[PDB]
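Undergrad: Take this structure, written in structure tokens, and hold onto it; I'll ask about it next.
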Amino acid sequence: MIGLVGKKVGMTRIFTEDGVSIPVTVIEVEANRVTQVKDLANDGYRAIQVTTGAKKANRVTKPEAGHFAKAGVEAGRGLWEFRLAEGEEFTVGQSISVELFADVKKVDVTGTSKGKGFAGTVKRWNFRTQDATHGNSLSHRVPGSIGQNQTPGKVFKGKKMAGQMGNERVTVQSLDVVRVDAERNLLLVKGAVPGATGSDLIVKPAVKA
Amino acid sequence: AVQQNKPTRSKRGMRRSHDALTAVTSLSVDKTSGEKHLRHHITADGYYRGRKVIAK
RNA sequence: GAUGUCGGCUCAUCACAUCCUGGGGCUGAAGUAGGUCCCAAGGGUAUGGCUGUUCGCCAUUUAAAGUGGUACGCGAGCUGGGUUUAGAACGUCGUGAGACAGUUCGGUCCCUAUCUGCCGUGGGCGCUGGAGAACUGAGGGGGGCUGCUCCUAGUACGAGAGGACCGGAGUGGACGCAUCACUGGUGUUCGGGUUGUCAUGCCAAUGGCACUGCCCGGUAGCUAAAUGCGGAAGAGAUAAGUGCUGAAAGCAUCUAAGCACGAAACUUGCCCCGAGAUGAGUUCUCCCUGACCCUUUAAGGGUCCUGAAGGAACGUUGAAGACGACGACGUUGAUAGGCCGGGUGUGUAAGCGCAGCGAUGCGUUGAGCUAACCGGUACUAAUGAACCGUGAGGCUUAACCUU
RNA sequence: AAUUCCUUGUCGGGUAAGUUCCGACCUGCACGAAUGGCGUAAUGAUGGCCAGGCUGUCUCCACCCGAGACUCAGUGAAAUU
RNA sequence: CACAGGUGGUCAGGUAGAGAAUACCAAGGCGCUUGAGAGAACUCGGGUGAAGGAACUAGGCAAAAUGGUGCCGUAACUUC
RNA sequence: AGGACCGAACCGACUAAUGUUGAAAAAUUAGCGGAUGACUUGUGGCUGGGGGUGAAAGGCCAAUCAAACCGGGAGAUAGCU
């Protein structure tokens with residue numbers, strides 16, 4: 001079914017009465033307001049566009065304000081779309097709370113991974129480090145060979161090399177839903193999720209099931 | 001390590017297409033002193049936002 | 001008028017004559033376990049002792065430790081033990097200088113990347129008025145491994161010994177992604193102990209230097225050994241193979257018409273990129289509703305007025321970052337620093353008093369100090385402006401306003 | 001064997017496993033007595049081998065401190081073609 | 001070359017120290033003739049490291065480690 | 001007493017890294033050897049090219065050595081590019 005947009009508050013632990021410590025990531029899921037409903041007739045597919053949080057009225061551009069005004073909802077920090085599974089009906093301006101995850105038991109969490117910047121092959125691709133001694137000359141962490149001889153006189157596409165690492169969309173699948181606190185708009189999921197504290201997270205019911 | 005052919009003057013100009021300098025869009029004017037200055041920088045006479053910062 | 005070699009290291013990529021896993025026929029296939037052939041290249045496919053070795057033998061693992069191509073892949077990527085200079089010996093040959101594809105000890109491995117290629121990241125213009133967002137998904141990548149235990153069941157099978165198919169459950173190895181709550185590492189920006197010496201007039205107390213002087217701890221961050229998750233199920237069309245009905249050929253026949261099954265391969269399903277997809281797409285929202293002149297009179301040029309949406313620039317900056325970029329904020333403000341409170345770390349500061357001849361001990365006192373952390377706070381800096389971007393957006397045709 | 005081609009000779013020692021090493025054997029391809037033979041304490045930046053200690057050499061790399069690399073201003077090369 | 005090289009003699013303070021070693025200083029002399037930022041890969045020179053401890057490798061290369069004075073004690077072998 | 005021992009100056013150059021269009025046409029850094037002697041060093045002198053000198057490597061003889069350098073024979077010769 002549809003998902004929700006939340007914020008990564010941080011990580012903590014839940015102590016069970018049986019003596020087990022569950023590592024949980026706290027996700028703040030405020031009410032998600034439906035800003036637009038897309039249908040086959042007009043958009044060619046079924047989905048709902050939602051917003052969450054609050055944004056400075058001084059920093060909301062007029063094109064954005066008009067979009068929010070049409071839906072009759074307060075502006076949020078962004079817009080996200082969720083596809084509808086042929087059985088979901090929503091109306092513009094509807095508020096979706098964290099109670100939607102009451103009986104899900106497993107969710108998929110998507111976020112932007114921490115940015116590692118320009119990373120070497122050792123860190124990025126787990127390349128094996130060459131000898132630190134035994135005559136090695138300025139080639140301790142270098143990639144090594146990157147191809148074959150004249151026959152393929154070129155480096156193949158997709159070759160694992162150094163470059164930007166992290167700061168990209170990442171999804172972690174099948175995370176247990178430890179707790180759903182509707183009063184505090186909190187969602188506790190066992191384990192870690194991508195992104196740093198305060199980053200946006202997209203939570204959907206597990207697709208693998 | 002070194003070129004096999006001499007690059008052309010056309011190639012040299014193509015590489016330098018990104019070397020052009022950018023001029024300051026505009027200069028701020030002090031409200032009281034009235035002289036031009038870089039934005040968020042003090043004027044040549046020691047003024048800033050019409051406060052007459054140290055000018056010794 | 002130079003295409004550097006054996007082996008090792010790093011990094012690979014393809015073939016299938018398949019080592020493992022998967023699907024099958026036959027069996028001198030009871031079962032378990034095998035033999036042989038067919039299909040199958042998705043993924044996976046040991047560490048050590050000896051030796052320069054590849055190889056090989058050996059030790060011990062594994063579901064398996066596949067065979068080959070790639071300048072016997074890979075030295076403008078590393079190595080230099082071997083081959084293959086000059087030194088020096090042994091055996092051997094020669095009268096001798098010397099020699100051996102015999103041995104033995106020793107013996108300089110350069111290159112700042114122009115182009116192609118590849119990994120990343122921007123600028124320009126385009127997409128036909130401009131602008132801010134959210135998308136569709138043509139297409140392209142990633143991923144695809146598997147053990148053991150238990151139940152079914154000591155059942156089928158078998159004289160016994162032994163011991164399943166099918167199906168289900170749990171828990172691991174290797175690998176991959178993310179993360180820092182826990183366990184830890186680091187923590188020359190925090191605290192303390194301590195040696196030598198110099199200095200602050202001296203005592204006391206501190207600071208400099210000696211690898212952070214040497215050390216003991218340790219915040220945030222980063223991080224693995226730490227802890228979460230992943231490989232799938234399902235669907236479509238099939239390979240080998242198994243069939244149903246059924247003639248040619250009164251029979252038979254899986255095939256010729258027709259119909260049904262069938263694998264980690266194929267197309268999907270999962271994850272990521274993605275409209276420069278010039279075939280430049282879709283949706284929502286926002287902004288601009290002047291006056292004249294010239295003429296070679298048209299998608300023409302020029303002047304005056306106008307300058308929107310928005311953008312950029314500058315500033316404060318970020319768990320974003322080589323630089324660009326990207327994100328937050330700029331007084332109608334918590335963006336950064338400072339400040340306040342707290343936490344954390346270190347471990348009872350200084351001063352004074354007491355006890356002691358003294359080194360020290362004790363009280364004040366879990367004191368003082370405390371980075372990047374948490375919660376707050378306009379004290380400082382984020383200035384009014386200026387700048388870019390315009391003024392309703394071509395032609396043809398069709399249906400509607402004027403079904 | 002600094003000498004042995006066959007050859008990683010055979011046996012023993014050391015190791016879970018030893019083409020090296022050590023001790024014997026003698027079938028010395030092709031040792032041998034001043035181009036010396038065999039021993040030899042001490043000595044050696046000498047060759048080979050085995051242990052204790054020690055460790056980032058390695059399993060398997062992580063973090064940190066500095067100098068470059070990166071950006072800005074000034075100066076301003078080279079091989080090659 | 002205003003070049004991390006080479007170049008004989010003389011002078012020889014303080015504290016610690018066996019010392020002309022070494023550390024910190026006196027007299028005296030210098031900061032080495034591009035700077036300013038940033039805090040990526042990678043290279044160079046260093047610091048620390050969980051568990052293991054030569055499994056690395058041609059080879060313990062490199063690194064780590066040992067390190068002073070006094071007393072006790074000290075094997076095979078030996079040319080004593 | 002000692003071509004004795006440890007270890008600075010001094011004289012050497014065993015290992016590694018760096019550098020290799022270097023700071024340097026052989027050095028730097030961390031270790032390393034000798035360090036009263038067959039030691040080291042200043043100044044001056046002598047030995048000359050088929051010659052010198054050589055604790056012997058074909059080493060050294062002005063960054064040149066299986067026959068130095070400079071000038072000359074000389075436009076050696078080149079069935080080769």
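In the structure tokens, each chain is lettered A, B, ... as it comes, each chain's residues begin at 1, and ligands are numbered from 1 in order of appearance.
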Counting only C-alpha atoms (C1' of nucleotides), which residues of chain A sit at most 12 Å from some atom of chain F, and what is each one's closest atom pair with its distance in Å to one decimal, listed by chain and rising residue number, as a Markdown table?
TA:
```
| residue | atom | partner | partner_atom | distance |
| --- | --- | --- | --- | --- |
| A:132 | CA | F:17 | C1' | 11.5 |
| A:133 | CA | F:17 | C1' | 9.6 |
| A:134 | CA | F:16 | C1' | 9.6 |
| A:135 | CA | F:16 | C1' | 8.7 |
| A:136 | CA | F:17 | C1' | 9.8 |
| A:137 | CA | F:17 | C1' | 8.9 |
| A:138 | CA | F:18 | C1' | 10.1 |
```
Undergrad: Please check the contacts: residues of chain C at most 9 Å away from chain A, using only C-alpha atoms (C1' of nucleotides), listed as a PyMOL selection string.
TA: chain C and resi 9-13+70-71+73-74+77-79+116-121+131-136+141+177-182+227-230+232-233+270-272+282-286+309-310+319-322+332
Undergrad: Report as CSV the residues of stretch 297-335 of chain C within 12 Å of stretch 16-35 of chain B, each with its shortest atom pair and distance in Å (one decimal), using only C-alpha atoms (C1' of nucleotides), ordered by chain and increasing residue number.
TA:
```
residue,atom,partner,partner_atom,distance
C:312,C1',B:25,CA,9.3
C:313,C1',B:25,CA,6.5
C:314,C1',B:25,CA,9.5
C:324,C1',B:18,CA,11.6
```
Undergrad: Mind the document's chain letters and residue numbers, and return as JSON, numbers by chain the residues of chain B that DSSP labels helix (DSSP H, G or I).
TA: {"B": [9, 10, 11, 12, 13, 14, 15, 16, 17, 18]}
Undergrad: May I ask which of the residues D:21, D:63, D:32, D:27 is the closest one to residue D:3, counting only C-alpha atoms (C1' of nucleotides)?
TA: D:32
Undergrad: Output as a list in words the set of chain C residues within 7 Å of chain B, with distances taken over only C-alpha atoms (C1' of nucleotides).
TA: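 Taken together, these residues fit the definition: residues 76, 111, 113, 114, 313, 314, 315, 383, 386 and 387 of chain C.
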Undergrad: Can those selected residues be exported to a file as a PDB file, in the first residue's frame so that it contains N, CA, C and O atoms (P, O5', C5', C4', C3', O3' and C1' of nucleotides)?
TA:
```pdb
ATOM      1  P     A C  76      53.634  -0.833 -17.840  1.00  0.00           P
ATOM      2  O5'   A C  76      53.454   0.709 -17.486  1.00  0.00           O
ATOM      3  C5'   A C  76      54.435   1.401 -16.730  1.00  0.00           C
ATOM      4  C4'   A C  76      54.364   2.890 -16.957  1.00  0.00           C
ATOM      5  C3'   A C  76      53.037   3.554 -16.635  1.00  0.00           C
ATOM      6  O3'   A C  76      52.863   3.809 -15.254  1.00  0.00           O
ATOM      7  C1'   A C  76      53.797   4.304 -18.737  1.00  0.00           C
ATOM      8  P     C C 111      58.942   6.956 -12.449  1.00  0.00           P
ATOM      9  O5'   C C 111      58.321   7.763 -13.673  1.00  0.00           O
ATOM     10  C5'   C C 111      58.653   9.126 -13.888  1.00  0.00           C
ATOM     11  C4'   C C 111      58.277   9.573 -15.276  1.00  0.00           C
ATOM     12  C3'   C C 111      56.804   9.460 -15.641  1.00  0.00           C
ATOM     13  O3'   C C 111      56.053  10.571 -15.186  1.00  0.00           O
ATOM     14  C1'   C C 111      58.150   8.608 -17.406  1.00  0.00           C
ATOM     15  P     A C 113      50.092  13.780 -15.250  1.00  0.00           P
ATOM     16  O5'   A C 113      50.307  13.175 -16.706  1.00  0.00           O
ATOM     17  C5'   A C 113      50.510  14.025 -17.829  1.00  0.00           C
ATOM     18  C4'   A C 113      49.585  13.666 -18.963  1.00  0.00           C
ATOM     19  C3'   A C 113      48.099  13.774 -18.635  1.00  0.00           C
ATOM     20  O3'   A C 113      47.372  14.169 -19.796  1.00  0.00           O
ATOM     21  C1'   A C 113      48.625  11.534 -19.183  1.00  0.00           C
ATOM     22  P     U C 114      46.999  15.712 -20.033  1.00  0.00           P
ATOM     23  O5'   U C 114      47.402  15.961 -21.551  1.00  0.00           O
ATOM     24  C5'   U C 114      46.914  17.080 -22.273  1.00  0.00           C
ATOM     25  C4'   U C 114      46.824  16.770 -23.743  1.00  0.00           C
ATOM     26  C3'   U C 114      45.782  15.731 -24.130  1.00  0.00           C
ATOM     27  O3'   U C 114      44.487  16.285 -24.279  1.00  0.00           O
ATOM     28  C1'   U C 114      47.847  15.176 -25.130  1.00  0.00           C
ATOM     29  P     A C 313      25.550  31.951  -8.233  1.00  0.00           P
ATOM     30  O5'   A C 313      25.937  33.431  -7.794  1.00  0.00           O
ATOM     31  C5'   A C 313      26.668  34.283  -8.663  1.00  0.00           C
ATOM     32  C4'   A C 313      26.709  35.696  -8.142  1.00  0.00           C
ATOM     33  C3'   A C 313      27.228  35.862  -6.723  1.00  0.00           C
ATOM     34  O3'   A C 313      28.643  35.865  -6.652  1.00  0.00           O
ATOM     35  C1'   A C 313      25.224  37.083  -6.968  1.00  0.00           C
ATOM     36  P     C C 314      29.395  35.088  -5.464  1.00  0.00           P
ATOM     37  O5'   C C 314      29.148  36.010  -4.192  1.00  0.00           O
ATOM     38  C5'   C C 314      29.632  37.343  -4.157  1.00  0.00           C
ATOM     39  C4'   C C 314      29.036  38.121  -3.014  1.00  0.00           C
ATOM     40  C3'   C C 314      29.131  37.472  -1.643  1.00  0.00           C
ATOM     41  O3'   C C 314      30.402  37.623  -1.040  1.00  0.00           O
ATOM     42  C1'   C C 314      26.941  38.277  -1.974  1.00  0.00           C
ATOM     43  P     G C 315      30.985  36.466  -0.091  1.00  0.00           P
ATOM     44  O5'   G C 315      30.099  36.572   1.226  1.00  0.00           O
ATOM     45  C5'   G C 315      30.065  37.771   1.982  1.00  0.00           C
ATOM     46  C4'   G C 315      29.014  37.718   3.059  1.00  0.00           C
ATOM     47  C3'   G C 315      29.065  36.514   3.984  1.00  0.00           C
ATOM     48  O3'   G C 315      30.040  36.644   5.001  1.00  0.00           O
ATOM     49  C1'   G C 315      26.839  36.880   3.283  1.00  0.00           C
ATOM     50  P     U C 383      22.640  40.181   4.774  1.00  0.00           P
ATOM     51  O5'   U C 383      22.582  41.735   5.108  1.00  0.00           O
ATOM     52  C5'   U C 383      21.768  42.229   6.161  1.00  0.00           C
ATOM     53  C4'   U C 383      21.371  43.661   5.916  1.00  0.00           C
ATOM     54  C3'   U C 383      20.818  43.967   4.534  1.00  0.00           C
ATOM     55  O3'   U C 383      19.444  43.642   4.410  1.00  0.00           O
ATOM     56  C1'   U C 383      22.436  45.591   5.121  1.00  0.00           C
ATOM     57  P     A C 386      17.148  48.634  -6.551  1.00  0.00           P
ATOM     58  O5'   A C 386      18.525  48.255  -7.251  1.00  0.00           O
ATOM     59  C5'   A C 386      19.522  49.239  -7.481  1.00  0.00           C
ATOM     60  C4'   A C 386      20.855  48.609  -7.796  1.00  0.00           C
ATOM     61  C3'   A C 386      20.872  47.637  -8.966  1.00  0.00           C
ATOM     62  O3'   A C 386      20.959  48.283 -10.224  1.00  0.00           O
ATOM     63  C1'   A C 386      21.973  46.659  -7.126  1.00  0.00           C
ATOM     64  P     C C 387      20.173  47.686 -11.491  1.00  0.00           P
ATOM     65  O5'   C C 387      20.873  46.279 -11.749  1.00  0.00           O
ATOM     66  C5'   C C 387      22.245  46.203 -12.103  1.00  0.00           C
ATOM     67  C4'   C C 387      22.700  44.774 -12.256  1.00  0.00           C
ATOM     68  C3'   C C 387      21.869  43.902 -13.183  1.00  0.00           C
ATOM     69  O3'   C C 387      22.184  44.093 -14.550  1.00  0.00           O
ATOM     70  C1'   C C 387      22.293  42.736 -11.171  1.00  0.00           C
TER      71        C C 387
END
```
